[PDB]
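Below is one structure, written out as C-alpha cells; the observations come after it.
First listed ligand is number 1; within each ligand, the first listed atom is number 1. Every chain is numbered from 1 and lettered A, B, ... according to where its sequence line falls, protein lines coming before strand lines.
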Protein chains: 2
Amino acid sequence: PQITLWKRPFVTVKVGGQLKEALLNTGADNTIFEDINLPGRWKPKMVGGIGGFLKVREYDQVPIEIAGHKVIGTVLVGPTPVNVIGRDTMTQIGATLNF
Amino acid sequence: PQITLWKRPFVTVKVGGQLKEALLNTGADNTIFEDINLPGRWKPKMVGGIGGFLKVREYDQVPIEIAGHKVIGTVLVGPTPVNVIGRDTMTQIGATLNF
Ligand SMILES: [Cl-]
Ligand SMILES: [Cl-]
Ligand SMILES: [Cl-]
Ligand SMILES: [Cl-]
Ligand code: NA
Ligand code: NA
C-alpha cells in the first residue's frame, strides 16, 4: 500500500493470531501492544530511559501479518497510548518513507 | 528520496533558517524542536493528553526546507527528546509510507 499521512496511519494487523489496529510509527524502534493475549512465553524487558522507564513483556518469534506481508518478529506488550508498529517490524515488510 | 528504516530516519532540515537534524516521525502529529531560535512571534498551544497536558510555543508560517522541498508550516518549541518532523510537515512535502 501507499499510506498518506493526513491522519494517523493506522493499519489492520494480525499478530500472534490476534486481529488488531496499530499505528505505523517511524519514530518508534519497537512494536508494542496493550490489551492483547499473545501465544507463547514472555520475558520481562525494560524500555525507555530515566524519567520514563517501562517494564513490559517481550514475546519473541511472533507471526505478524500486515496487508498480506507475513513476517516473524518481536512484540512488546505493555502500556502504550495506541498500539504501535515500529521500525523493527516495518523493516521486515520492506516499508520506506518517500518524498 | 526513498528512506529505509533500518536506522532511525534522521534528516538535515532548515527550519526558520536554522540548520538542524530531525527525525521523520509518522507517529507525531506535530513538528517540534527543543533548542531553536525561530523567527516571528509565537502563541501558546496545549499539547499532550492522558499522560499530561503542557503548554508549548507555536510558531506559525515558518519556512521549512527538507531535501530541497520548501514549504511554510507550524513548528512547536517545547520538550522533546529528539527534534521531530511530524505528519503536518510531512504532508506538505508529499511524503508517504510505502510497502
Ligand atoms: Cl485494536
Ligand atoms: Cl539508529
Ligand atoms: Cl541538531
Ligand atoms: Cl503548562
Ligand atoms: Na544549527
Ligand atoms: Na509566524
Would you please test A:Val82 and A:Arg8 for side chain to side chain contact (heavy atoms under 4.5 Å, CB included) and show each step?
CA-CA 11 Å; A:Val82 300; A:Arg8 297 191 287 190; 3.9 Å; yes

Can B:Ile36 and B:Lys20 be said to form a side chain to side chain contact (heavy atoms under 4.5 Å, CB included), step by step?
CA-CA 9 Å; B:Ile36 192 164; B:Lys20 301 289 193 183; 4.1 Å; yes

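- More than 12 heavy-atom neighbours from other residues, nucleotides or ligands sit within 6.0 angstrom of CD on A:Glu21.
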Would you sort out whether A:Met90 and A:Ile85 count as a side chain to side chain contact (heavy atoms under 4.5 Å, CB included), showing the intermediate values?
CA-CA 7 Å; A:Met90 286 190 282; A:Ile85 303 302; 3.9 Å; yes

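- Take the Na ion (ligand 6) and draw a sphere of radius 3.0 Å; the protein N/O/S atoms inside it number 1.
- Between A:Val62 and the options A:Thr89, A:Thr31, A:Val75, a side chain to side chain contact (heavy atoms under 4.5 Å, CB included) holds for only A:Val75.
- Taking the six-membered ring where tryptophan is involved, the planes of A:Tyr59 and A:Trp42 are tilted, since the angle between them lies from 30° to 60°.
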